[PDB]
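>>> Generate coordinates for the sequence data below:
(one chain, ligands or ions: 1)
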Amino acid sequence: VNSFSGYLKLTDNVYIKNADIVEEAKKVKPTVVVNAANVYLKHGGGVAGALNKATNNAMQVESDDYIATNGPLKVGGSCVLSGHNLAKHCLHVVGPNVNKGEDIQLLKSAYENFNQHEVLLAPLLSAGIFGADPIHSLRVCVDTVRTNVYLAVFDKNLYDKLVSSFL
Ligand SMILES: COC(=O)C[C@H]1CN(c2ncnc3[nH]c4cc(F)ccc4c23)CCO1
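Numbering: from 1, shown residues only. For reference, the structure is listed below:
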């Protein structure tokens, strides 16, 4: 039993809710919140900008030190950093950004990072400003992640479409 509330169960291990991931993280304080990161960990907008703003820019400060030490992530890759006031840990995962021309096949590699964590609160990778089709992202999630994932979808209209079209 865990503390996630109001989710629709899609599969054995995937759950979905119309929610603001920032507000959901603030309430649940999950072990892991996933950030929709880019390779530079520049958290300017979308989910990343919202998560970083909620940490009062502490996420960005920590991220800048990470990059100065380690260099950029790979598209499809991830790193574990602090969850600050939102979660124990933040798993920064880089999905391909279609608006940069990145290969959508890398979306499966991106979701594989979730399998290193037993339970996660996450957004749909490569959705929103990353330019992928969220219906496709949900399909890849369900077909790739085997650990327990609670998906937060900000837009109510999109949430209803994702549920109604789910096979
Ligand atoms: C348009 O709706 C989509 O297609 C998906 C969007 C929105 N993203 C989010 N997902 C879950 N919670 C979210 N809180 C946020 C707060 C913000 F200031 C910005 C984005 C999000 C956000 C996912 C990727 O892009």
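>>> Now for the nearest residue to residue 2 once chain neighbours are set aside: which residues touch it?
Among residues not flanking residue 2 along the chain, residue 119 sits closest, at 6.3 Å (CB to CB, 6 or more residues apart in numbering). Every residue, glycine included, has its C-beta placed from N, CA and C. For residue 119, the contacting residues are 2, 30, 31, 32, 147, 148, 149, 150, by CB atoms under 8 Å, 6 or more residues apart in numbering.
>>> Compute the number of surrounding residues for the residue lying closest to the second one once chain neighbours are set aside.
The spatially closest residue to residue 30, leaving aside those adjacent along the chain, is residue 121, at 4.4 Å (CB to CB, 6+ apart). By the criterion of other CB atoms under 10 Å, residue 121 has 26 neighbours.
>>> The helix or strand hosting residue 121 near the ligand anywhere?
Following DSSP states H and E, the helix or strand that holds residue 121 is strand 119-122. No - shown here: strand 119-122 not in contact with the ligand (CB under 6 Å from any ligand atom), separated by at least 8.7 Å.
>>> Distance check, whichever residue of the chain sits closest to the ligand against residue 109.
Here the chain gets closest to the ligand at one residue, residue 128, 1.3 Å apart by CB to the nearest ligand atom. The span separating residue 128 from residue 109 equals 19 Å under the rule CB to CB, to the nearest Å.
>>> Can you classify residue 34 by secondary structure?
Reduced to three states with DSSP: H, G, I helix; E, B strand; the rest coil, the structure at residue 34 is strand.
>>> List the contacts of it.
90, 91, 92, 93, 114, 120, 121, 122, 123, 125 are the contacts of residue 34 under CB under 8 Å, 6+ apart.
>>> Would you confirm that the second one contacts residue 30?
What that stands for is residue 91. No - taking CB atoms under 8 Å as the definition, residue 91 is not a contact partner of residue 30, at 10.5 Å.
>>> Overlap of the contact sets of the two?
Common contacts of residue 91 and residue 30, defined by CB under 8 Å, 6+ apart, comprise residue 120.
>>> ok, so what distance separates residue 10 from residue 37?
24 Å.
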